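Visitor: Quick one: the structure is below, and I'll ask about it shortly.
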Amino acid sequence: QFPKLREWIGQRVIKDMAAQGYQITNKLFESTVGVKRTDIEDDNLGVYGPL
Amino acid sequence: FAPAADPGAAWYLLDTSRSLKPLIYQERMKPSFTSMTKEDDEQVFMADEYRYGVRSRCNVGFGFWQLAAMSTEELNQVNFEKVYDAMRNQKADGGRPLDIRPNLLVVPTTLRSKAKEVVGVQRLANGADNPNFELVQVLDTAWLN
Amino acid sequence: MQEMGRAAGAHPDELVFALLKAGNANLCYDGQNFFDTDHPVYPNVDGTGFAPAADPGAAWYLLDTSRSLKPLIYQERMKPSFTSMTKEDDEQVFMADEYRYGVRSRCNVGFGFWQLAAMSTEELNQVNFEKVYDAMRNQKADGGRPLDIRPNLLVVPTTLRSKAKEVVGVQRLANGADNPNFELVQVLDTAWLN
Amino acid sequence: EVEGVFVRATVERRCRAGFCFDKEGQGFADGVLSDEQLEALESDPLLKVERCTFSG
Amino acid sequence: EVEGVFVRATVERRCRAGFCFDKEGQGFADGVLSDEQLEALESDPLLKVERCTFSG
Amino acid sequence: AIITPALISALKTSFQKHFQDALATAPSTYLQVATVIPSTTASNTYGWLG
Amino acid sequence: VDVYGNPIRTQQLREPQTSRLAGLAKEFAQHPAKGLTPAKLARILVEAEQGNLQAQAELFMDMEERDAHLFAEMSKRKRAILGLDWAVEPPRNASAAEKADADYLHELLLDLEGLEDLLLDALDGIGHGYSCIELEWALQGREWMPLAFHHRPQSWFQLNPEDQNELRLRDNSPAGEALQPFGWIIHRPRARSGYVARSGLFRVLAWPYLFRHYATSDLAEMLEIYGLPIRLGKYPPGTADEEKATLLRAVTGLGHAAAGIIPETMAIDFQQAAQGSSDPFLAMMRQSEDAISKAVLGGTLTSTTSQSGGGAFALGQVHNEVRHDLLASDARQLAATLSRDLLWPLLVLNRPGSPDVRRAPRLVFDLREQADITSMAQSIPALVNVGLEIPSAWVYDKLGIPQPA
Amino acid sequence: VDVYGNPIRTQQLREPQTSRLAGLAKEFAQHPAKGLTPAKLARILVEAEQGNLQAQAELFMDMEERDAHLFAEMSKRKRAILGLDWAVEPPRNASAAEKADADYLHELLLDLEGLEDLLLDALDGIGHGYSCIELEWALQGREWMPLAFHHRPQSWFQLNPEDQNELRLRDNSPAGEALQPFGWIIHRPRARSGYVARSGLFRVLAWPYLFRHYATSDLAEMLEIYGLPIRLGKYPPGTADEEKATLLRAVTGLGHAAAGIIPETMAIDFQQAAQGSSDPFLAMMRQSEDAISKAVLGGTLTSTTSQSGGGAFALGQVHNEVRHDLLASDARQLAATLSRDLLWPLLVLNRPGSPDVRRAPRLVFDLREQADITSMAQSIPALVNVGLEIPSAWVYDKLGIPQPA
């Protein structure tokens, strides 16, 4: 951000501005479930398929 | 326990997330993997994610509270109002204020009732007063602690 | 450019509240500090001292009146025209200019030097809030007559906003006892001071 | 080498012993060290700036 | 933690003396030393490769 | 795998200019406590006779 | 109130909104086109997408000024609109009061000076994506009048941080300032569907402009180098500095000088300077110019020119496809903007009552296309002798001849 | 209820569906066209096939912006539709009540501002494969009104994991959010038979765009290198660093400088810089542009231009094959979408009863083609004198002349 507007007497100070660059990487996430192919069809109540 | 005072109306939101990729669905159906021909009749279903949070502004977030509501002079007046004063007293480069307006209070389910007492009832815990009524609206959660 | 513009737009508040901070140091037209205990209203002695300022803001003039001389004309140095790019590696300069200054309207219509707190109904609330209130209510002018001041503004730093709201905004003060100053003076936030 | 000196026989703000002065031409432009303190020392060239690298 | 391991009895090109033959050595996906030699030593696998968490 | 992902950080990383100018000054306050007195001189003076 | 329903207060109409922003009037354009590279252009466009329209507006102005072909195309396109006759019509099956209101508005627009300048200023939004014209409101007794129309540079505005389709003034604050109701005529033609920043035609035309600029500059440099060959002199060991300078001056002036003499121990070799042609540069310039012509005026008459060929139906052939479509689109959008911004304040300030917004009069441009009088005049007699009862109103309207009064 | 039969609740019409998704309005396009390679494009398309439409939508927007020829073709195609007159007609052999309903709907559409913008926004689905326009519903007493039409970017949606033809909002959840009934006008033109992801025309046009981009960039680079030749200086052993720098600067400036002198022990060799032509690049650009023209507007008028040539039947020759077919297809699809999405809510909210869906009025675009008046006017008298009783209704309808009233 800019420096505060100061008083003026004889000359102007050519101020500067800082910078605070922030670094952060990325991470990967996963969740998986192993199921039997035959079992999903081998059901009558409509369960083990929506899972 | 697990407190945090955050602004919500600022151009930035604390703890900003990153939905870099969508909730793509990964599946193992049939003649697409070897798990089902040169293996048992196995299928796996997966949800890949490639996201991560961020520590956005550490000069506007405050934590580590003994969050309490009693006596309106020692427990809340000296902790929650202390955080109020600290957040509103934050100074940027050059000594100007950050215009911090604490309006978000996040606490776990254990502190939900006591946060509601801090914000929502005119009297704090003894019939004295509650200076922090309708100043910060609290949203309950359980993902933390 | 836009950052400098917003800084310039904010500047007048900084000027006014810097003068408010210096009020305990700067002098009003009498010849004493704006917030001093020895205002020479008469051969007698009159006094008005976290740098708060109870103000009526209802008379024909308001305290710490601002003086807008020149707007925030943008000053820029982005062309080889100048010797900054000659003597240096293409250094451009961006600037904003102001020609204003704060004012000390009247030191007999303001008060400071507060030991602010809201513990007891009065014994700690009238310590400052009511002392300012009644003092202004009975400030005398030339001719031994009241100024008919109507204090209705209270400016305090951020740290004192909770106490100010308790003083004005709650029926009870800090012990469920009473609060004589409810809906008396409307407080406003500020961080430019302290 | 030295990126820049910006001396012109004038420093930006050389503040010592609680008082801030303007002399000794101690202007630098580099992140070798004391960048946080380099902000305080620099950032105030009241007078003209002349950059003459010393190739240090 | 180190991410990178090959524990499927998998084959990799490790060069002992004048020849490069099957062997499992570094077998990591991160490098801080012996990069030039690791390249020859860390030739990606010939056969099935599966990774684990040594956390060493 | 890749021999040295260490040096390829510069190319990969992207920019999110969301923290840029994510701040503002405090709301204007001199209006409530101070009154504007436009002027065009170098030293304005006020006179009252009591 | 206005068409959008925002409350309207007549107190703020006495002074322009920008009057209290004297800083804006003292600014000068930064000319970002000079020293422009593809990376700089990409950064400018991306930043404009994020709400920094100042650089984009200045770049567009420079682009308009520095390209003669693009400027000619845009000027022709705008002058096409500026030459159209216009009229104000009452709403569908309007009543006597509505007809009177429309007639009064029509009379007011006829006698309002500066209409052509207003249309020209509004049409700038075609290329810039948005044009803002400030209004000066004055009272000549009991009736409000637009004193003048002021066109404000596109560099004076920005995007709302909370809304990418809403423009705001630059008042040094992060959020800018909302536009005053009844204080502006904002024209935002929509060539492509998207946000306001991406809606300008110059955004499409920027890259061909840069290609043409690079090709022209390179051709100019190569023409400068053309002519004499570069020739290098060589000297043996033991040649002093004075002799070196003499040899250098001799080589420097040898191209202009037909003849010269040097010692046998020295040598001058004439090497190729620049050998090639203007074919690649000119090919690139032609490609860019054709792209600009197609993007601005269509690829049937300008780039792939329709060629000559007269006839009764020649007007239709030249116009209806491409030219008529573009003319009608631009005219309709401009008319909608005008009816929204200028007609409505006049109706709701200069007349009593609160007429419903849906029944407001609409400005209409005359898009009538000249119809062949001779062929149709031949055709009618056969049809009427057959027995068809063709209405005379259709004939009078389509021919342009007015009905008898 | 709606046409699809889904229950309709008037409670949810007070607020837009996306109002509770303030996160979407703050997003910025990622511009995936910059630094695009064929592998990246293939990955983008494949991922879009799987339900990640954000990257595809942003790429399509960039493609539209960065190609002048493609943008001109698409704009011309859309403006063709935007200029067509339209009317609302009652169903087959409609009754008096149905005729009144159709008339009221027609009057409502005439007086509804922003219709042209709605049509333009809907036509974006031609290239993007689907366009979604959000509705603002308001009550002016007892009658519901569309307050405004908001076009939402295609990047705001995705595919249902359980259905590849059903779109959903991006609400941070894996399954997204179902589209609110009566809250959107979804236009999904079908150029090719398949799923919604594969249905866009820009999917066909992507590869020619990349070919043209690569050719243009390579030509620009080669034009930059053209001009002076590369020349290499050689120095003998025992040349110090200062002399090396002097030789390097001399070589660097030698191309611009006509003359120079070096010691006989040194040497400068002028090597070919870039020798060839623009023919291959321009050939590739022409091929890509012809492909784009054929894909967008047909290979009879744009790419393989129909050339000049007037006449009474010239209009038919130019239009009927290709141009008329494309115009009719686009107009019919847009009319069907409108009749489904906008007309039906108005009929079922603004009028009493529950009319059957099959009897709803249908919006019709005027596709009438100008017929030669002179030839046919010559023809009728012979036929009528022969004895044929030609109806006058056919004549009035086909000529465009209205029946007497």
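Convention: chains lettered A, B, ... in structure tokens order; per-chain residue numbering from 1; ligands numbered from 1 as shown.
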Which residues are close to segment 143-154 of chain G, i.e. within 8 Å by only C-alpha atoms, leaving aside same-chain residues fewer than 2 positions away? Reply as number ranges by chain.

Guide: G: 53-54, 57, 114, 118, 121, 128, 130-141, 156-157, 346, 349-350

Visitor: Taking only chain C into account, list the residues labelled alpha helix (DSSP H) by DSSP (computed from the backbone), as a PyMOL selection string.

Guide: chain C and resi 2-21+84-87+131-137+161-167

Visitor: Atoms to include: C-alpha atoms. Write the selected residues as a PDB file, in the first residue's frame.

Guide:
```pdb
ATOM      1  CA  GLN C   2      -6.201   4.119  -8.767  1.00  0.00           C
ATOM      2  CA  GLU C   3      -4.364   3.236  -5.552  1.00  0.00           C
ATOM      3  CA  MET C   4      -2.945   6.754  -5.361  1.00  0.00           C
ATOM      4  CA  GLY C   5      -6.380   8.185  -6.116  1.00  0.00           C
ATOM      5  CA  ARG C   6      -7.977   6.293  -3.240  1.00  0.00           C
ATOM      6  CA  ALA C   7      -5.137   7.333  -0.923  1.00  0.00           C
ATOM      7  CA  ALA C   8      -5.706  10.975  -1.868  1.00  0.00           C
ATOM      8  CA  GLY C   9      -9.449  10.579  -1.356  1.00  0.00           C
ATOM      9  CA  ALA C  10      -8.790   9.190   2.116  1.00  0.00           C
ATOM     10  CA  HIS C  11      -6.307  11.982   2.903  1.00  0.00           C
ATOM     11  CA  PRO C  12      -8.776  14.616   4.245  1.00  0.00           C
ATOM     12  CA  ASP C  13      -9.831  12.308   7.081  1.00  0.00           C
ATOM     13  CA  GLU C  14      -6.173  11.755   7.966  1.00  0.00           C
ATOM     14  CA  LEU C  15      -5.608  15.521   7.999  1.00  0.00           C
ATOM     15  CA  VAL C  16      -8.641  16.246  10.179  1.00  0.00           C
ATOM     16  CA  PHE C  17      -7.851  13.496  12.673  1.00  0.00           C
ATOM     17  CA  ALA C  18      -4.150  14.370  12.809  1.00  0.00           C
ATOM     18  CA  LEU C  19      -5.252  17.850  13.842  1.00  0.00           C
ATOM     19  CA  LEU C  20      -7.625  16.218  16.333  1.00  0.00           C
ATOM     20  CA  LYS C  21      -4.700  14.243  17.769  1.00  0.00           C
ATOM     21  CA  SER C  84      14.280  11.332 -13.821  1.00  0.00           C
ATOM     22  CA  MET C  85      14.433   9.083 -16.891  1.00  0.00           C
ATOM     23  CA  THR C  86      17.621  10.892 -17.961  1.00  0.00           C
ATOM     24  CA  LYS C  87      19.615  10.520 -14.733  1.00  0.00           C
ATOM     25  CA  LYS C 131     -18.427  15.868  33.053  1.00  0.00           C
ATOM     26  CA  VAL C 132     -18.120  16.717  29.365  1.00  0.00           C
ATOM     27  CA  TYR C 133     -21.909  16.821  29.000  1.00  0.00           C
ATOM     28  CA  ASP C 134     -22.587  19.226  31.868  1.00  0.00           C
ATOM     29  CA  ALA C 135     -19.477  21.333  31.234  1.00  0.00           C
ATOM     30  CA  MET C 136     -20.593  22.002  27.664  1.00  0.00           C
ATOM     31  CA  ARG C 137     -24.174  22.512  28.859  1.00  0.00           C
ATOM     32  CA  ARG C 161     -15.835   1.679  20.815  1.00  0.00           C
ATOM     33  CA  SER C 162     -17.186  -1.124  23.014  1.00  0.00           C
ATOM     34  CA  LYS C 163     -17.218   1.136  26.074  1.00  0.00           C
ATOM     35  CA  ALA C 164     -18.792   3.979  24.088  1.00  0.00           C
ATOM     36  CA  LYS C 165     -21.545   1.663  22.843  1.00  0.00           C
ATOM     37  CA  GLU C 166     -22.134   0.445  26.397  1.00  0.00           C
ATOM     38  CA  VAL C 167     -22.393   4.046  27.616  1.00  0.00           C
TER      39      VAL C 167
END
```

Visitor: Please list as number ranges by chain every residue within 10 Å of residue 12 of chain E, counting only C-alpha atoms and excluding residues in the same chain fewer than 6 positions away.

Guide: E: 6, 20-25, 27, 40-47, 49

Visitor: Compile a residue-level contact table for chain G against chain C at a cut-off of 6 Å, reporting for every qualifying residue the shortest atom pair and its distance in Å to one decimal, with only C-alpha atoms counted, rows ordered by chain and ascending number, as CSV.

Guide:
```
residue,atom,partner,partner_atom,distance
G:23,CA,C:73,CA,4.3
G:172,CA,C:5,CA,3.6
G:173,CA,C:6,CA,4.3
```

Visitor: Those residues with C-alpha atoms, as a compact mmCIF listing (two decimals), in the first residue's frame please?

Guide:
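Output file selection_7.txt is given in full below:
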```txt
# COMPACT_ATOMS: atom_id res chain seq x y z
CA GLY G 23 -8.89 15.57 -11.09
CA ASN G 172 -9.79 7.18 -6.32
CA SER G 173 -11.76 4.55 -4.34
```

Visitor: Just how far from atom CA of residue 403 of chain H is atom CA of residue 368 of chain H, in Å to one decimal?

Guide: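 Result for atom CA of residue 368 of chain H versus atom CA of residue 403 of chain H: 16.0 Å, one decimal.
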
Visitor: Near segment 18-34 of chain F, within 6 Å and counting only C-alpha atoms, which residues show up once chain neighbours fewer than 6 positions away are dropped, as a list in words?

Guide: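 Residues meeting the cut-off are residues 11, 12 and 99 of chain B; 13, 62, 63, 64 and 65 of chain C.
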
Visitor: Given the selection you just returned, output its residues as a file containing N, CA, C and O atoms, formatted as a CSV table (one decimal), in the first residue's frame.

Guide:
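Result file is part-v2.csv:
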```csv
chain,number,residue,atom,x,y,z
B,11,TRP,N,-13.0,-7.6,0.5
B,11,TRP,CA,-12.7,-8.1,-0.8
B,11,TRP,C,-12.0,-9.5,-0.8
B,11,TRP,O,-12.0,-10.1,-1.9
B,12,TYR,N,-11.4,-9.8,0.3
B,12,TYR,CA,-10.8,-11.1,0.5
B,12,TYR,C,-11.5,-11.9,1.6
B,12,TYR,O,-12.0,-11.3,2.6
B,99,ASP,N,-9.2,-1.3,8.2
B,99,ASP,CA,-10.6,-1.3,8.1
B,99,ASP,C,-11.2,-2.7,8.4
B,99,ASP,O,-12.1,-3.2,7.8
C,13,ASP,N,-9.6,12.9,5.8
C,13,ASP,CA,-9.8,12.3,7.1
C,13,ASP,C,-8.5,12.2,7.9
C,13,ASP,O,-8.5,12.5,9.1
C,62,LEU,N,-19.0,23.3,12.9
C,62,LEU,CA,-18.6,22.1,13.5
C,62,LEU,C,-17.1,22.1,13.9
C,62,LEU,O,-16.3,22.9,13.3
C,63,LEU,N,-16.7,21.3,14.9
C,63,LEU,CA,-15.4,21.3,15.4
C,63,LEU,C,-14.4,20.7,14.3
C,63,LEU,O,-14.9,19.9,13.5
C,64,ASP,N,-13.2,21.1,14.3
C,64,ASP,CA,-12.2,20.6,13.4
C,64,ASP,C,-12.6,20.7,12.0
C,64,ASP,O,-12.4,19.8,11.2
C,65,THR,N,-13.2,21.9,11.6
C,65,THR,CA,-13.7,22.0,10.3
C,65,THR,C,-12.6,21.9,9.3
C,65,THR,O,-11.4,22.4,9.5
```

Visitor: Within 12 Å of chain F, which residues belong to chain G? Use only C-alpha atoms and report them as a PyMOL selection string.

Guide: chain G and resi 46-47+50-51+161+172-176

Visitor: Grab the residues selected above and save them as a compact mmCIF listing (two decimals), in the first residue's frame with N, CA, C and O atoms.

Guide:
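Dumped everything to selection-v4.txt:
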```txt
# COMPACT_ATOMS: atom_id res chain seq x y z
N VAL G 46 -5.70 -8.85 -20.62
CA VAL G 46 -6.03 -9.61 -19.42
C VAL G 46 -6.36 -8.67 -18.27
O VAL G 46 -7.32 -8.89 -17.52
N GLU G 47 -5.56 -7.61 -18.09
CA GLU G 47 -5.83 -6.65 -17.03
C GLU G 47 -7.17 -5.96 -17.25
O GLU G 47 -7.92 -5.72 -16.30
N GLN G 50 -10.07 -7.71 -15.94
CA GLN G 50 -10.18 -7.69 -14.49
C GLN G 50 -10.64 -6.35 -13.93
O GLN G 50 -10.72 -6.20 -12.71
N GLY G 51 -10.95 -5.38 -14.79
CA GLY G 51 -11.49 -4.11 -14.35
C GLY G 51 -10.59 -2.91 -14.56
O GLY G 51 -10.95 -1.81 -14.13
N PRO G 161 -16.09 -4.16 -8.59
CA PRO G 161 -15.51 -5.42 -8.08
C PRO G 161 -16.55 -6.50 -7.82
O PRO G 161 -16.23 -7.69 -7.95
N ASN G 172 -10.91 7.52 -7.18
CA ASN G 172 -9.79 7.18 -6.32
C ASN G 172 -10.13 6.08 -5.31
O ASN G 172 -9.24 5.67 -4.56
N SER G 173 -11.39 5.60 -5.27
CA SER G 173 -11.76 4.55 -4.34
C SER G 173 -11.76 3.19 -5.02
O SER G 173 -11.95 3.11 -6.24
N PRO G 174 -11.55 2.11 -4.28
CA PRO G 174 -11.53 0.78 -4.92
C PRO G 174 -12.81 0.47 -5.68
O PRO G 174 -12.75 -0.14 -6.76
N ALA G 175 -13.97 0.87 -5.16
CA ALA G 175 -15.24 0.53 -5.77
C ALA G 175 -15.73 1.58 -6.76
O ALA G 175 -16.82 1.43 -7.32
N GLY G 176 -14.95 2.64 -7.00
CA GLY G 176 -15.39 3.66 -7.93
C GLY G 176 -16.64 4.37 -7.43
O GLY G 176 -16.86 4.54 -6.22
```

Visitor: How far apart are chain E and chain D by Cα RMSD after a least-squares superposition over every Cα, paired in order?

Guide: 1.7 Å

Visitor: Excluding segment 40-50 of chain B and its own-chain neighbours fewer than 5 positions away, which residues fall within 10 Å of it when counting only C-alpha atoms? Please give them as a ChimeraX atom specification.

Guide: /A:26-40,51 /B:18-30,33-35 /H:174

Visitor: Output as a PDB file with N, CA, C and O atoms, in the first residue's frame the set of chain A residues within 12 Å of chain F, with distances taken over only C-alpha atoms.

Guide:
```pdb
ATOM      1  N   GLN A   1       0.844  -1.185   0.000  1.00  0.00           N
ATOM      2  CA  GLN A   1       0.000   0.000   0.000  1.00  0.00           C
ATOM      3  C   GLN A   1       0.883   1.240   0.000  1.00  0.00           C
ATOM      4  O   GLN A   1       2.056   1.192   0.379  1.00  0.00           O
ATOM      5  N   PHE A   2       0.301   2.354  -0.429  1.00  0.00           N
ATOM      6  CA  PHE A   2       1.049   3.595  -0.523  1.00  0.00           C
ATOM      7  C   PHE A   2       1.436   4.111   0.861  1.00  0.00           C
ATOM      8  O   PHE A   2       0.764   3.821   1.852  1.00  0.00           O
ATOM      9  N   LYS A   4       1.633   7.018   3.736  1.00  0.00           N
ATOM     10  CA  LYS A   4       0.679   8.051   4.112  1.00  0.00           C
ATOM     11  C   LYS A   4       1.064   9.385   3.487  1.00  0.00           C
ATOM     12  O   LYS A   4       2.246   9.707   3.350  1.00  0.00           O
ATOM     13  N   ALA A  19       6.216  -5.490  -1.191  1.00  0.00           N
ATOM     14  CA  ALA A  19       5.491  -6.578  -1.826  1.00  0.00           C
ATOM     15  C   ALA A  19       5.723  -7.836  -1.007  1.00  0.00           C
ATOM     16  O   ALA A  19       6.836  -8.074  -0.528  1.00  0.00           O
ATOM     17  N   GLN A  20       4.673  -8.637  -0.859  1.00  0.00           N
ATOM     18  CA  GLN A  20       4.654  -9.758   0.074  1.00  0.00           C
ATOM     19  C   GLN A  20       4.164 -11.018  -0.621  1.00  0.00           C
ATOM     20  O   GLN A  20       3.288 -11.733  -0.129  1.00  0.00           O
ATOM     21  N   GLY A  21       4.737 -11.311  -1.788  1.00  0.00           N
ATOM     22  CA  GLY A  21       4.316 -12.456  -2.572  1.00  0.00           C
ATOM     23  C   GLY A  21       4.263 -13.739  -1.767  1.00  0.00           C
ATOM     24  O   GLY A  21       5.212 -14.073  -1.051  1.00  0.00           O
ATOM     25  N   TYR A  22       3.153 -14.466  -1.879  1.00  0.00           N
ATOM     26  CA  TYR A  22       2.895 -15.651  -1.071  1.00  0.00           C
ATOM     27  C   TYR A  22       2.858 -16.878  -1.971  1.00  0.00           C
ATOM     28  O   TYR A  22       2.174 -16.880  -2.999  1.00  0.00           O
ATOM     29  N   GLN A  23       3.592 -17.916  -1.578  1.00  0.00           N
ATOM     30  CA  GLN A  23       3.700 -19.149  -2.344  1.00  0.00           C
ATOM     31  C   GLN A  23       3.047 -20.295  -1.585  1.00  0.00           C
ATOM     32  O   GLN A  23       3.231 -20.435  -0.372  1.00  0.00           O
ATOM     33  N   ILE A  24       2.284 -21.113  -2.307  1.00  0.00           N
ATOM     34  CA  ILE A  24       1.674 -22.306  -1.733  1.00  0.00           C
ATOM     35  C   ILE A  24       1.378 -23.293  -2.854  1.00  0.00           C
ATOM     36  O   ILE A  24       0.805 -22.930  -3.888  1.00  0.00           O
ATOM     37  N   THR A  25       1.766 -24.550  -2.655  1.00  0.00           N
ATOM     38  CA  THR A  25       1.664 -25.567  -3.689  1.00  0.00           C
ATOM     39  C   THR A  25       0.266 -26.182  -3.682  1.00  0.00           C
ATOM     40  O   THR A  25      -0.641 -25.721  -2.985  1.00  0.00           O
ATOM     41  N   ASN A  26       0.079 -27.234  -4.473  1.00  0.00           N
ATOM     42  CA  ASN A  26      -1.168 -27.977  -4.538  1.00  0.00           C
ATOM     43  C   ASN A  26      -0.950 -29.402  -4.047  1.00  0.00           C
ATOM     44  O   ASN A  26       0.133 -29.975  -4.189  1.00  0.00           O
TER      45      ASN A  26
END
```

Visitor: Please identify which residues in chain D DSSP calls strand (DSSP E) from the backbone, and express them as a PDB file with N, CA, C and O atoms, in the first residue's frame.

Guide:
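Result file is out.pdb:
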```
ATOM      1  N   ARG D  14      18.630   8.343   6.532  1.00  0.00           N
ATOM      2  CA  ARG D  14      19.563   7.661   7.424  1.00  0.00           C
ATOM      3  C   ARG D  14      19.208   8.072   8.848  1.00  0.00           C
ATOM      4  O   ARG D  14      19.628   9.130   9.324  1.00  0.00           O
ATOM      5  N   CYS D  15      18.434   7.233   9.530  1.00  0.00           N
ATOM      6  CA  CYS D  15      17.916   7.540  10.857  1.00  0.00           C
ATOM      7  C   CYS D  15      18.732   6.789  11.898  1.00  0.00           C
ATOM      8  O   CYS D  15      18.803   5.555  11.867  1.00  0.00           O
ATOM      9  N   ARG D  16      19.344   7.536  12.815  1.00  0.00           N
ATOM     10  CA  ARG D  16      20.182   6.970  13.860  1.00  0.00           C
ATOM     11  C   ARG D  16      19.947   7.724  15.159  1.00  0.00           C
ATOM     12  O   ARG D  16      19.635   8.918  15.155  1.00  0.00           O
ATOM     13  N   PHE D  19      16.919  10.033  15.703  1.00  0.00           N
ATOM     14  CA  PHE D  19      16.723  11.178  14.824  1.00  0.00           C
ATOM     15  C   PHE D  19      16.997  10.763  13.387  1.00  0.00           C
ATOM     16  O   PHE D  19      17.963  10.045  13.112  1.00  0.00           O
ATOM     17  N   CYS D  20      16.139  11.214  12.473  1.00  0.00           N
ATOM     18  CA  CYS D  20      16.258  10.892  11.056  1.00  0.00           C
ATOM     19  C   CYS D  20      16.884  12.075  10.328  1.00  0.00           C
ATOM     20  O   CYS D  20      16.378  13.200  10.411  1.00  0.00           O
ATOM     21  N   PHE D  21      17.979  11.817   9.619  1.00  0.00           N
ATOM     22  CA  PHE D  21      18.733  12.835   8.900  1.00  0.00           C
ATOM     23  C   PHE D  21      18.742  12.510   7.408  1.00  0.00           C
ATOM     24  O   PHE D  21      18.119  11.548   6.952  1.00  0.00           O
TER      25      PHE D  21
END
```
